[PDB]
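> Requesting a structural model of the entry that follows:
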Amino acid sequence: XXXXXXXXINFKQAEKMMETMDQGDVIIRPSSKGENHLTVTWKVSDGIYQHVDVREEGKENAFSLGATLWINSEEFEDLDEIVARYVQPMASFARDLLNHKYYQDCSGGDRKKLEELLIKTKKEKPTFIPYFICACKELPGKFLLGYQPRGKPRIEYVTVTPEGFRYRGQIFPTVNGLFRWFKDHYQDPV
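Numbering: from 1, shown residues only. Shown next is the protein structure:
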């Protein structure tokens, strides 16, 4: 039930190892970015791995773009707790999206594939508002939420975070609340 492997191999072998593992499994390994820092890689979905740069407070540049986790020097000693505290909830929220009735792979979250699917589905049932959710392979941890209220497909991002789903900047702690809000607003005049 969610295994963790600690490496004492470089990035590429880590992704090949994760191919064999289950969703939410974790590999903690030395970081390519810098000495004495770590990378916590976890399997978001099939072929999609988030590489969390674990940074020490006060010792790296305050700017980050990719998945990033700031911890103090002491917290580096209990990696298990950091996994339980931050990664495990995100893996669970990701699974909530993977099990959603309208989850679709769309070739790793290809926006064009999702738009084509939306247009096709809208032409099949004009009075229905189709929507699908897809994991972004190039932004691990982010999902595309595509939907077509009228004549044009629309795509927004949903971000998995340890405290729930971020959508339009708001945090939703349950998948059901996320989609209830979404469906209450997806026909708005925009």
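
> CA atoms for contacts and neighbours, from now on please.
Fine.

> so which strand or helix has residue 171?
Following DSSP states H and E, one finds residue 171 within strand 170-172.

> contacts for the helix or strand where residue 123 lies?
Using DSSP H and E, residue 123 sits in helix 111-124. With C-alpha atoms under 8 Å, 6 or more residues apart in numbering as the test, helix 111-124 has contacts from 106-107, 128-132, 144, 146-148, 152-155.

> Need the buried ones from these selected in ChimeraX.
Filtering the contacts of helix 111-124 down to the buried ones (16 or more other C-alpha atoms under 10 Å) takes a single ChimeraX command:
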select :106,129,130,131,132,144,146,147,148,153,154,155
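
> Of the contacts of helix 111-124, just say which sits nearest to residue 65.
Using C-alpha to C-alpha, residue 144 comes nearest to residue 65 of the contacts of helix 111-124, at 18.4 Å.

> is it true that the closest one touches residue 154?
No - counting by C-alpha atoms under 8 Å, residue 144 stays clear of residue 154, with 9.9 Å between them.

> Return every residue with contacts to both of the two.
Counting by C-alpha under 8 Å, 6+ apart, nothing touches both residue 144 and residue 154.

> ok, the residue nearest the centre of the chain - contacts?
Central residue of the chain (C-alpha atoms, centre = their mean): residue 141, 1.5 Å from the mean position. The contact partners of residue 141, by C-alpha under 8 Å, 6+ apart, come to 44, 50, 94, 135, 159-161.

> What residues sit buried inside the strand holding residue 171?
The neighbour-count check on strand 170-172 (16+ other C-alpha under 10 Å) flags 171-172 as buried.

> quick one: contacts of it?
163-166, 178.

> Can you give the distance from it to the centre of its chain?
How far strand 170-172 lies from its chain's middle: 15 Å, per C-alpha atoms, centre = their mean, to the nearest Å.

> same deal with stretch 109-123?
Counting by C-alpha atoms, centre = their mean, stretch 109-123 comes out at 20 Å from the chain centroid.

> continuing past the strand holding residue 171, what's the next helix or strand?
Immediately after strand 170-172, counting by DSSP H and E, sits helix 175-185.

> got the buried residues for stretch 111-124?
Buried residues in stretch 111-124, counted by 16+ other C-alpha under 10 Å: 111, 114-115, 117-119, 121-122.

> Report the backbone C-alpha coordinates of that stretch in CSV.
Below are the C-alpha coordinates for stretch 111-124, written out as CSV (Å, rounded to 0.1, in the frame of the first residue of the first chain):
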residue,chain,number,x,y,z
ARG,A,111,-4.8,19.8,-25.7
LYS,A,112,-5.6,19.1,-29.3
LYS,A,113,-6.8,15.6,-28.6
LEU,A,114,-9.0,16.9,-25.8
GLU,A,115,-10.5,19.6,-28.1
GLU,A,116,-11.2,17.1,-30.8
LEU,A,117,-12.9,14.8,-28.3
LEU,A,118,-15.0,17.7,-27.0
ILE,A,119,-16.1,18.7,-30.5
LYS,A,120,-16.9,15.1,-31.5
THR,A,121,-19.0,14.6,-28.3
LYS,A,122,-20.7,17.9,-28.7
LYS,A,123,-21.7,17.1,-32.3
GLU,A,124,-23.0,13.7,-31.1
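
> Thanks a lot, see you next time.
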